[PDB]
Every structure is written in C-alpha cells, then in structure tokens.
Amino acid sequence: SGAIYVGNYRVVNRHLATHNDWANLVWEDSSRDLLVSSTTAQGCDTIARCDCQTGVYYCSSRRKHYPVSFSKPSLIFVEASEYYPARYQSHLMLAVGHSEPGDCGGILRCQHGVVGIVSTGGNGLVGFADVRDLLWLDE
Ligand SMILES: COc1ccc(C(F)(F)F)cc1CC(=O)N1CCS[C@H](C(N)=O)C1
Ligand SMILES: [Zn+2]
C-alpha cells in the first residue's frame, strides 16, 4: 500500500484504488496501473521533473529503504493478478531489488523529489510506475 499527496491530488496504484478514490476520480490509466483522485486537504509531496536513473525506494516487506539504479520509462510485460493479466504496462521502470505484492505503493525518490511508486516486481526485480511526466499534478 501507499500513495503520493500533491496539491489537491492523491496518486495510487489503480489496482488498489478504494470506493472513495473512484467517487472522486480525476484520471486513471489501466495501461499505467495509475489512478489519481481529488482530496480536500492540501498535499506537500514534490514531484521530480528530471531524467534521473538513480534513487531510493521504500520496501514495506523489509521496513527499509534501498538505493537503486532504474531503467527509463518504457512498455514492459506483466503477468496476471486479480487486477491485470499478461499485458504491456507503459511508463514502467525496472530496478534490481526486493519486492512482494504488498510493496505496491512504496515511493521511489531521487534528489529532485518523487519519481514514482512500486507497481510490479518479480524474480529479484522491482517495477515502478513513473509519474514525472504528469505535469498537471502541480496545476
Ligand atoms: C510488486 O508486486 C509484486 C512483487 C513481487 C511479486 C512476486 F512475483 F515475486 F511474487 C508479485 C508482485 C505483484 C505484482 O507484480 N502484480 C500484482 C498486482 S498488479 C501488478 C501490475 N501492475 O500489473 C502486478
Ligand atoms: Zn531526479
């Protein structure tokens, strides 16, 4: 679990969105595993606007943060869940690191701010859904 809070927005994995998230829907993209909902309280997370390929992510299954090198956002294969079956997920970045399904929602950050959230993983790899391109999160 986990979310990004920026301005009047809440960013979560689409497969983990709640009834409230869907009732206050701003935008969702199944191909990215992202959903953004509106909030009454003001968010203070800074979104990075950069092309960093190094950062630190939070891993709930270990109660630890890990430094990682990660790939550029691209189209990558994702097996089936109760949330999606074999398909290409766009805007995904891979890193060598530990993750378990419950790790989805952990933030990946670089010196510029929030880069994305954990969205997949498997075989010693961790996948992050990028959010740096969503320029509208700040306006
Ligand atoms: C970070 O999640 C992990 C991590 C590891 C494993 C391992 F296979 F090893 F059991 C499994 C998962 C779970 C997973 O990847 N998915 C399920 C939720 S929807 C997600 C997607 N965005 O399509 C795909
Ligand atoms: Zn950066």
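Heavy atoms only: backbone and side chains are in, while hydrogens, waters and symmetry mates are out. In what follows, residues are counted from 1 in the order of the sequence shown. Remember, it's 1-based here, ligands and their atoms both numbered in the order they're listed.
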Checklist entry - With under 30° as parallel and over 60° as perpendicular, where do the rings of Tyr57 and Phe128 fit, or are they tilted in between? => result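 The rings of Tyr57 and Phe128 stand perpendicular, inter-plane angle above 60°.
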
Checklist entry - Parallel, tilted or perpendicular: which describes the rings of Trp27 and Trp136, with under 30° parallel and over 60° perpendicular? => result perpendicular

Checklist entry - Any side-chain heavy atom of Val78 sitting closer than 4.5 Å to one from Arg87? => result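 Yes, at least one pair of side-chain atoms sits under 4.5 Å.
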
Item to check | Worked verdict on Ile4 versus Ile47 for side chain to side chain contact (heavy atoms under 4.5 Å, CB included) | outcome: CA-CA 9 Å; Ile4 307 164; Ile47 309 297; 3.7 Å; yes

Next on the checklist: I need the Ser90 OG to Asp33 CG distance, nearest 0.5 Å.
Outcome noted: 10.0 Å

Next on the checklist: Using 0.5 Å steps for rounding, measure from the CD atom of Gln111 to the SG atom of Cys52.
Outcome noted: 5.5 Å

Checklist entry - Under 2.8 Å from the Zn ion (ligand 2), protein N/O/S atom count? => result 4

Next on the checklist: Just to be sure I understand the cut-off, which residues have at least one non-hydrogen atom under 4.0 angstrom from an atom of ligand 1?
Outcome noted: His15, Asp33, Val78, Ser81, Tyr83, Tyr84, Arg87, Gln89, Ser99, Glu100, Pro101, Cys104, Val118, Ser119, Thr120, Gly121, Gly122

Next on the checklist: My understanding is that only one of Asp45, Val6, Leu108 makes a side-chain contact (heavy atoms from CB on, under 4.5 Å) with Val114; could you say which?
Outcome noted: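 So, applying the side-chain contact (heavy atoms from CB on, under 4.5 Å) to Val114 and each of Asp45, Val6, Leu108, only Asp45 qualifies.
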
Item to check | Flag, side chain of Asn13 to backbone of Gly105, donor-acceptor distance under 3.5 Å | outcome: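 Flag set: sc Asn13 to bb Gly105 pair under 3.5 Å.
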
Checklist entry - For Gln42, does the CD atom sit with more than 12 other heavy atoms under 6.0 Å from it, leaving out its own atoms? => result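 Atom CD in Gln42 is packed in, count exceeds 12.
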
